[PDB]
Amino acid sequence: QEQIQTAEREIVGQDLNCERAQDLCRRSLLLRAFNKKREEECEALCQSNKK
Amino acid sequence: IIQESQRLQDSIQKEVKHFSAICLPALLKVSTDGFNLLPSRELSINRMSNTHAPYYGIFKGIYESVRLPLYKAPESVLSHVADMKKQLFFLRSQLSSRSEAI
Amino acid sequence: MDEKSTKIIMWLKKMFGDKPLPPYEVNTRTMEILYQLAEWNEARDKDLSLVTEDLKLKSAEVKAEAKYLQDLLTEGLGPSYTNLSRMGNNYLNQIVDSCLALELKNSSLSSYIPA
Amino acid sequence: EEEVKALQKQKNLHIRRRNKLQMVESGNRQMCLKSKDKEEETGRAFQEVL
Amino acid sequence: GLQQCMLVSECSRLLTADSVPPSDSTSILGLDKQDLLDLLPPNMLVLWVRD
Amino acid sequence: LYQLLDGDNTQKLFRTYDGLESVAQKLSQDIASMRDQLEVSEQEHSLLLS
Amino acid sequence: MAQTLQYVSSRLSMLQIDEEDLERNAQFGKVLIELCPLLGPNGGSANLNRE
């Protein structure tokens with residue numbers, strides 16, 4: 001029982017919460033979407049400069 | 001034009017810097033009473049959901065102090081403490097009865 | 001003795017409501033027992049009220065999260081995640097029912113195994 | 001005797017469960033190392049976007 | 001495909017603080033739900049992934 | 001939770017999380033102390049009977 | 001009388017009531033029996049327990 005309890009504490013401690021990786025993925029996606037919007041805005045200023 | 005162009009200078013970098021400092025989960029707001037939006041991380045049921053939650057370390061300590069297993073649902077903490085108090089009352093009564101009997 | 005007596009009479013009035021307090025033998029022992037009982041009841045009533053109010057709050061919070069997860073899954077996986085086969089639904093119900101039976105925080109193995 | 005049998009059954013059970021736990025633990029440990037590699041990959045992808 | 005669908009969904013929700021339409025609420029990075037939906041894989045791949 | 005543990009409506013103007021953990025530890029200690037007293041009392045009783 | 005004691009002791013496990021208490025105080029015993037339904041098995045009020 002003492003061995004099982006030690007092993008249990010280890011599993012609970014390993015509860016792989018890949019929250020950091022997931023956060024980075026979320027941020028990456030949001031920034032990609034942000035980049036796309038900002039590229040559209042750059043294209044609009046380029047048109048004004050041509051004029 | 002010079003003034004407005006200066007306002008937009010490094011605009012992307014300025015925004016990204018402010019974004020990098022934000023906690024994304026703080027943006028997840030749920031309404032419990034239909035009116036008040038609270039971040040899901042501040043909900044009492046999520047205090048033990050993630051090792052990275054702000055209050056996880058504090059409540060982990062409270063669970064261990066009241067001998068409540070970490071796998072138990074957070075809704076069980078008050079009921080459990082109430083039972084412990086009940087037990088304390090019972091033990092006091094038993095001690096008093098036994099002391100009287102002796 | 002006069003203070004304990006007042007507390008008991010008030011407590012009995014509260015418990016029996018609109019019913020006339022039944023006549024009982026008022027001696028030192030009967031008063032002590034009633035007094036211990038009154039103190040115990042009052043302390044437990046307070047504890048149960050706090051637990052009941054908390055459970056109401058938790059019920060609301062769980063409901064809100066359930067809606068959130070349902071919406072997340074509908075938007076991400078489509079309505080088709082709810083169209084599982086009869087056996088699939090049975091498996092899902094058994095996991096759910098097992099977790100509820102052990103009062104687990106979640107359906108992870110890290111919670112199920114220690115329980 | 002029944003108790004001895006019952007305790008032996010329980011002992012066998014605990015041994016089986018310990019073994020299973022050790023497997024799950026080894027498996028999770030491997031998964032946790034690999035998840036750290038994912039964190040590093042996703043960290044690179046995030047630097048590309050920046 | 002599945003990772004991307006879940007991520008888009010998670011991020012869409014980060015944006016949609018179910019709050020009340022205020023016709024006036026400033027989205028994070030100025031992104032709308034539609035900006036994220038554009039980052040979904042092609043509709044044929046999404047249906048395939050869900051099946 | 002704090003009200004349930006401290007009993008005393010002493011309107012403490014400032015409740016801390018550290019205070020909450022301390023009051024929780026106290027309840028557990030009180031129960032442990034009461035169980036120890038009961039055990040002593042049981043020994044005393046057993047000696048008297050012997 | 002023994003039945004009344006058993007009933008009261010089972011429902012009000014905290015009360016240290018002896019047979020001598022109920023023999024000398026018959027009307028008090030009636031009060032305890034009437035209180036038992038009003039008090040839940042845990043010492044709390046029956047209404048609050050239902051809630």
# chains A, B, ... in the order shown; residues from 1 in each chain; ligands from 1
>>> residues_around(residues="residue D:38", least_positions_apart="3", cutoff="12 Å", atoms="only C-alpha atoms", output="list in words")
residues 18, 19, 20, 21, 22, 24 and 25 of chain A; 31, 32, 33, 34, 35, 41, 42, 43, 44, 45 and 46 of chain D
>>> write_last_selection(atoms="N, CA and C atoms", output="PDB file, in the first residue's frame")
ATOM      1  N   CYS A  18      -0.081  20.089 -20.651  1.00  0.00           N
ATOM      2  CA  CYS A  18       0.609  20.819 -21.711  1.00  0.00           C
ATOM      3  C   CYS A  18      -0.040  22.177 -21.951  1.00  0.00           C
ATOM      4  N   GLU A  19      -0.310  22.807 -20.800  1.00  0.00           N
ATOM      5  CA  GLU A  19      -1.016  24.079 -20.934  1.00  0.00           C
ATOM      6  C   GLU A  19      -0.123  25.142 -21.567  1.00  0.00           C
ATOM      7  N   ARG A  20       1.232  25.015 -21.279  1.00  0.00           N
ATOM      8  CA  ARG A  20       2.140  26.011 -21.839  1.00  0.00           C
ATOM      9  C   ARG A  20       2.221  25.885 -23.357  1.00  0.00           C
ATOM     10  N   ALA A  21       2.358  24.695 -23.840  1.00  0.00           N
ATOM     11  CA  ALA A  21       2.396  24.458 -25.281  1.00  0.00           C
ATOM     12  C   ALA A  21       1.092  24.895 -25.943  1.00  0.00           C
ATOM     13  N   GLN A  22       0.010  24.601 -25.270  1.00  0.00           N
ATOM     14  CA  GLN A  22      -1.296  24.975 -25.802  1.00  0.00           C
ATOM     15  C   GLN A  22      -1.462  26.491 -25.839  1.00  0.00           C
ATOM     16  N   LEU A  24       0.902  28.630 -26.156  1.00  0.00           N
ATOM     17  CA  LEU A  24       1.730  29.121 -27.254  1.00  0.00           C
ATOM     18  C   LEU A  24       1.034  28.911 -28.594  1.00  0.00           C
ATOM     19  N   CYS A  25       0.376  27.829 -28.745  1.00  0.00           N
ATOM     20  CA  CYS A  25      -0.353  27.546 -29.976  1.00  0.00           C
ATOM     21  C   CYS A  25      -1.485  28.544 -30.182  1.00  0.00           C
TER      22      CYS A  25
ATOM     23  N   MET D  31       5.636  10.196 -21.937  1.00  0.00           N
ATOM     24  CA  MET D  31       4.763  11.180 -22.572  1.00  0.00           C
ATOM     25  C   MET D  31       5.118  12.593 -22.124  1.00  0.00           C
ATOM     26  N   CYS D  32       5.432  12.791 -20.829  1.00  0.00           N
ATOM     27  CA  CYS D  32       5.801  14.091 -20.280  1.00  0.00           C
ATOM     28  C   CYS D  32       7.069  14.622 -20.940  1.00  0.00           C
ATOM     29  N   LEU D  33       8.104  13.721 -21.284  1.00  0.00           N
ATOM     30  CA  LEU D  33       9.346  14.119 -21.936  1.00  0.00           C
ATOM     31  C   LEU D  33       9.088  14.560 -23.374  1.00  0.00           C
ATOM     32  N   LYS D  34       8.231  13.855 -23.961  1.00  0.00           N
ATOM     33  CA  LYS D  34       7.915  14.183 -25.348  1.00  0.00           C
ATOM     34  C   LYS D  34       7.098  15.469 -25.436  1.00  0.00           C
ATOM     35  N   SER D  35       6.189  15.643 -24.454  1.00  0.00           N
ATOM     36  CA  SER D  35       5.420  16.882 -24.385  1.00  0.00           C
ATOM     37  C   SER D  35       6.335  18.093 -24.235  1.00  0.00           C
ATOM     38  N   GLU D  41       9.086  22.829 -29.859  1.00  0.00           N
ATOM     39  CA  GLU D  41       8.703  22.994 -31.257  1.00  0.00           C
ATOM     40  C   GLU D  41       7.709  24.139 -31.426  1.00  0.00           C
ATOM     41  N   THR D  42       6.689  24.078 -30.570  1.00  0.00           N
ATOM     42  CA  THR D  42       5.696  25.145 -30.622  1.00  0.00           C
ATOM     43  C   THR D  42       6.329  26.490 -30.276  1.00  0.00           C
ATOM     44  N   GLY D  43       7.330  26.484 -29.333  1.00  0.00           N
ATOM     45  CA  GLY D  43       8.076  27.691 -29.012  1.00  0.00           C
ATOM     46  C   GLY D  43       8.813  28.272 -30.204  1.00  0.00           C
ATOM     47  N   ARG D  44       9.357  27.393 -31.140  1.00  0.00           N
ATOM     48  CA  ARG D  44      10.046  27.829 -32.353  1.00  0.00           C
ATOM     49  C   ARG D  44       9.064  28.427 -33.356  1.00  0.00           C
ATOM     50  N   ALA D  45       7.899  27.702 -33.509  1.00  0.00           N
ATOM     51  CA  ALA D  45       6.863  28.200 -34.410  1.00  0.00           C
ATOM     52  C   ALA D  45       6.371  29.576 -33.972  1.00  0.00           C
ATOM     53  N   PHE D  46       6.223  29.755 -32.694  1.00  0.00           N
ATOM     54  CA  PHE D  46       5.789  31.031 -32.137  1.00  0.00           C
ATOM     55  C   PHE D  46       6.803  32.127 -32.441  1.00  0.00           C
TER      56      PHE D  46
END
>>> interface_residues(of="chain F", to="chain C", cutoff="9 Å", atoms="only C-alpha atoms", output="list in words")
residues 1, 3, 4 and 7 of chain F
>>> closest_residue(among="B:71, B:89, B:56, B:19", to="chain E", atoms="only C-alpha atoms")
B:19
>>> closest_atom_pairs(of="chain B", to="chain E", cutoff="6 Å", atoms="only C-alpha atoms", output="tab-separated table")
residue	atom	partner	partner_atom	distance
B:27	CA	E:14	CA	5.6
B:28	CA	E:14	CA	5.5
B:29	CA	E:17	CA	6.0
>>> residues_around(residues="stretch 11-20 of chain D", least_positions_apart="3", cutoff="9 Å", atoms="only C-alpha atoms", output="PDB file with C-alpha atoms, in the first residue's frame")
ATOM      1  CA  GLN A   1       0.000   0.000   0.000  1.00  0.00           C
ATOM      2  CA  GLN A   3       4.378   1.556  -2.700  1.00  0.00           C
ATOM      3  CA  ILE A   4       1.033   2.155  -4.420  1.00  0.00           C
ATOM      4  CA  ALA A   7       3.388   5.621  -7.281  1.00  0.00           C
TER       5      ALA A   7
ATOM      6  CA  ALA D   6      -9.010 -13.200   1.333  1.00  0.00           C
ATOM      7  CA  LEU D   7      -5.750 -11.381   2.324  1.00  0.00           C
ATOM      8  CA  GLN D   8      -3.793 -13.395  -0.290  1.00  0.00           C
ATOM      9  CA  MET D  23       3.305   0.860 -16.373  1.00  0.00           C
ATOM     10  CA  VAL D  24       1.055   3.840 -16.433  1.00  0.00           C
ATOM     11  CA  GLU D  25       3.704   5.848 -14.587  1.00  0.00           C
TER      12      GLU D  25
END
>>> residues_around(residues="stretch 10-18 of chain B", least_positions_apart="4", cutoff="12 Å", atoms="only C-alpha atoms", output="number ranges by chain")
A: 27-28, 30-32, 34-39, 41-42; B: 4-6, 22-23; D: 49-50; E: 28-30
>>> atom_distance(atom1="atom CA of residue E:8", atom2="atom CA of residue E:38")
9.4 Å
>>> closest_residue(among="A:45, A:50, A:33, A:17", to="residue D:39", atoms="only C-alpha atoms")
A:17
>>> select_by_dssp(residues="stretch 10-41 of chain E", states="helix (DSSP H, G or I)", output="NGL selection string")
:E and (10-15 or 28-30 or 33-37)
>>> select_by_dssp(residues="stretch 37-101 of chain B", states="strand (DSSP E or B)", output="list in words")
residues 37, 38, 39 and 72 of chain B
>>> closest_atom_pairs(of="chain F", to="chain B", cutoff="8 Å", atoms="only C-alpha atoms", output="tab-separated table")
residue	atom	partner	partner_atom	distance
F:1	CA	B:78	CA	6.3
F:4	CA	B:82	CA	7.2
F:5	CA	B:81	CA	7.6
F:17	CA	B:58	CA	7.0
F:18	CA	B:58	CA	7.8
F:20	CA	B:62	CA	7.7
F:21	CA	B:62	CA	5.2
F:24	CA	B:65	CA	5.9
F:25	CA	B:65	CA	5.0
F:27	CA	B:66	CA	7.6
F:28	CA	B:66	CA	6.0
F:30	CA	B:88	CA	7.6
F:31	CA	B:88	CA	5.7
F:34	CA	B:91	CA	6.5
F:35	CA	B:91	CA	7.1
F:37	CA	B:95	CA	7.6
F:38	CA	B:95	CA	5.7
F:41	CA	B:99	CA	7.1
F:45	CA	B:102	CA	6.4
>>> write_last_selection(atoms="N, CA, C and O atoms", output="JSON list (two decimals), in the first residue's frame")
[["chain", "number", "residue", "atom", "x", "y", "z"],
["F", 1, "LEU", "N", -16.02, 28.81, 3.67],
["F", 1, "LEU", "CA", -15.11, 27.83, 4.25],
["F", 1, "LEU", "C", -14.48, 28.35, 5.53],
["F", 1, "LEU", "O", -14.38, 27.63, 6.53],
["F", 4, "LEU", "N", -17.09, 28.33, 8.27],
["F", 4, "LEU", "CA", -17.31, 26.95, 8.71],
["F", 4, "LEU", "C", -16.20, 26.51, 9.66],
["F", 4, "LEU", "O", -16.47, 25.84, 10.66],
["F", 5, "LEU", "N", -14.96, 26.93, 9.49],
["F", 5, "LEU", "CA", -13.80, 26.51, 10.27],
["F", 5, "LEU", "C", -13.67, 27.35, 11.54],
["F", 5, "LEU", "O", -13.33, 26.82, 12.60],
["F", 17, "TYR", "N", -5.77, 33.87, 2.81],
["F", 17, "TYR", "CA", -5.68, 32.47, 2.42],
["F", 17, "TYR", "C", -4.76, 31.70, 3.36],
["F", 17, "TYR", "O", -5.02, 30.54, 3.68],
["F", 18, "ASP", "N", -3.67, 32.35, 3.84],
["F", 18, "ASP", "CA", -2.78, 31.73, 4.82],
["F", 18, "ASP", "C", -3.51, 31.46, 6.13],
["F", 18, "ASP", "O", -3.29, 30.42, 6.76],
["F", 20, "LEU", "N", -6.71, 30.91, 6.36],
["F", 20, "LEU", "CA", -7.64, 29.83, 6.06],
["F", 20, "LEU", "C", -6.96, 28.47, 6.20],
["F", 20, "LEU", "O", -7.52, 27.55, 6.80],
["F", 21, "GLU", "N", -5.72, 28.32, 5.64],
["F", 21, "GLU", "CA", -4.96, 27.08, 5.75],
["F", 21, "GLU", "C", -4.63, 26.76, 7.20],
["F", 21, "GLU", "O", -4.69, 25.60, 7.62],
["F", 24, "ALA", "N", -7.77, 25.50, 9.08],
["F", 24, "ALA", "CA", -8.01, 24.14, 8.60],
["F", 24, "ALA", "C", -7.08, 23.15, 9.29],
["F", 24, "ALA", "O", -7.51, 22.07, 9.71],
["F", 25, "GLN", "N", -5.77, 23.50, 9.45],
["F", 25, "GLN", "CA", -4.79, 22.67, 10.14],
["F", 25, "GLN", "C", -5.16, 22.49, 11.61],
["F", 25, "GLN", "O", -4.98, 21.41, 12.17],
["F", 27, "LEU", "N", -8.24, 22.43, 12.91],
["F", 27, "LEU", "CA", -9.34, 21.47, 13.02],
["F", 27, "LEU", "C", -8.81, 20.04, 12.98],
["F", 27, "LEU", "O", -9.20, 19.20, 13.79],
["F", 28, "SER", "N", -7.92, 19.80, 12.03],
["F", 28, "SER", "CA", -7.32, 18.47, 11.92],
["F", 28, "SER", "C", -6.54, 18.12, 13.18],
["F", 28, "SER", "O", -6.61, 16.99, 13.66],
["F", 30, "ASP", "N", -7.10, 19.38, 16.21],
["F", 30, "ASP", "CA", -8.06, 19.19, 17.29],
["F", 30, "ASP", "C", -8.65, 17.78, 17.28],
["F", 30, "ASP", "O", -8.81, 17.16, 18.33],
["F", 31, "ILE", "N", -8.95, 17.30, 16.12],
["F", 31, "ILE", "CA", -9.51, 15.95, 15.99],
["F", 31, "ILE", "C", -8.47, 14.92, 16.42],
["F", 31, "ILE", "O", -8.77, 14.00, 17.18],
["F", 34, "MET", "N", -8.07, 15.09, 20.16],
["F", 34, "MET", "CA", -9.21, 14.46, 20.83],
["F", 34, "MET", "C", -9.12, 12.94, 20.76],
["F", 34, "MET", "O", -9.45, 12.25, 21.72],
["F", 35, "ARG", "N", -8.69, 12.40, 19.62],
["F", 35, "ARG", "CA", -8.51, 10.95, 19.48],
["F", 35, "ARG", "C", -7.43, 10.44, 20.42],
["F", 35, "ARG", "O", -7.58, 9.38, 21.03],
["F", 37, "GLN", "N", -6.58, 11.85, 23.31],
["F", 37, "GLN", "CA", -7.13, 11.92, 24.66],
["F", 37, "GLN", "C", -8.06, 10.75, 24.94],
["F", 37, "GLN", "O", -8.09, 10.22, 26.05],
["F", 38, "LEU", "N", -8.80, 10.45, 23.96],
["F", 38, "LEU", "CA", -9.69, 9.31, 24.11],
["F", 38, "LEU", "C", -8.90, 8.02, 24.31],
["F", 38, "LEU", "O", -9.28, 7.17, 25.12],
["F", 41, "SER", "N", -7.59, 8.02, 27.77],
["F", 41, "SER", "CA", -8.70, 7.70, 28.66],
["F", 41, "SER", "C", -9.04, 6.21, 28.60],
["F", 41, "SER", "O", -9.37, 5.61, 29.62],
["F", 45, "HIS", "N", -8.83, 3.65, 31.76],
["F", 45, "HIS", "CA", -9.95, 2.76, 32.05],
["F", 45, "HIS", "C", -9.51, 1.31, 32.11],
["F", 45, "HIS", "O", -9.89, 0.57, 33.02]]
>>> atom_distance(atom1="atom CA of residue E:37", atom2="atom CA of residue E:12")
8.2 Å
>>> residues_around(residues="stretch 56-68 of chain C", least_positions_apart="5", cutoff="9 Å", atoms="only C-alpha atoms", output="list in words")
residues 30, 31, 32, 33, 40, 43, 44, 45, 74 and 75 of chain B; 51 and 73 of chain C
>>> atom_distance(atom1="atom CA of residue B:20", atom2="atom CA of residue B:3")
27.4 Å
>>> residues_around(residues="residue C:3", least_positions_apart="6", cutoff="12 Å", atoms="only C-alpha atoms", output="list in words")
residues 9, 10, 31 and 35 of chain C
>>> write_last_selection(atoms="C-alpha atoms", output="mmCIF file, in the first residue's frame")
data_model
loop_
_atom_site.group_PDB
_atom_site.id
_atom_site.type_symbol
_atom_site.label_atom_id
_atom_site.label_comp_id
_atom_site.auth_asym_id
_atom_site.auth_seq_id
_atom_site.Cartn_x
_atom_site.Cartn_y
_atom_site.Cartn_z
ATOM 1 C CA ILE C 9 -37.343 27.500 25.747
ATOM 2 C CA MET C 10 -36.574 29.712 22.718
ATOM 3 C CA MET C 31 -32.151 20.828 31.220
ATOM 4 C CA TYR C 35 -29.139 22.396 26.446
#
>>> interface_residues(of="chain G", to="chain C", cutoff="7 Å", atoms="only C-alpha atoms", output="list in words")
residues 25, 27, 28, 31, 38, 43, 44, 45 and 48 of chain G
>>> closest_residue(among="A:11, A:40, A:23, A:51", to="chain D", atoms="only C-alpha atoms")
A:11
>>> closest_atom_pairs(of="chain A", to="chain C", cutoff="8 Å", atoms="only C-alpha atoms", output="CSV")
residue,atom,partner,partner_atom,distance
A:5,CA,C:114,CA,7.9
A:8,CA,C:114,CA,6.3
A:11,CA,C:110,CA,6.1
A:12,CA,C:110,CA,5.4
A:15,CA,C:110,CA,7.0
>>> write_last_selection(atoms="C-alpha atoms", output="PDB file, in the first residue's frame")
ATOM      1  CA  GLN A   5       0.613   5.494  -2.578  1.00  0.00           C
ATOM      2  CA  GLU A   8       0.049   7.488  -7.070  1.00  0.00           C
ATOM      3  CA  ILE A  11       1.241  10.007 -11.383  1.00  0.00           C
ATOM      4  CA  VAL A  12      -0.615  12.911  -9.898  1.00  0.00           C
ATOM      5  CA  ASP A  15      -0.350  15.057 -14.718  1.00  0.00           C
TER       6      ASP A  15
END
>>> closest_residue(among="B:93, B:76, B:50, B:36", to="chain G", atoms="only C-alpha atoms")
B:93
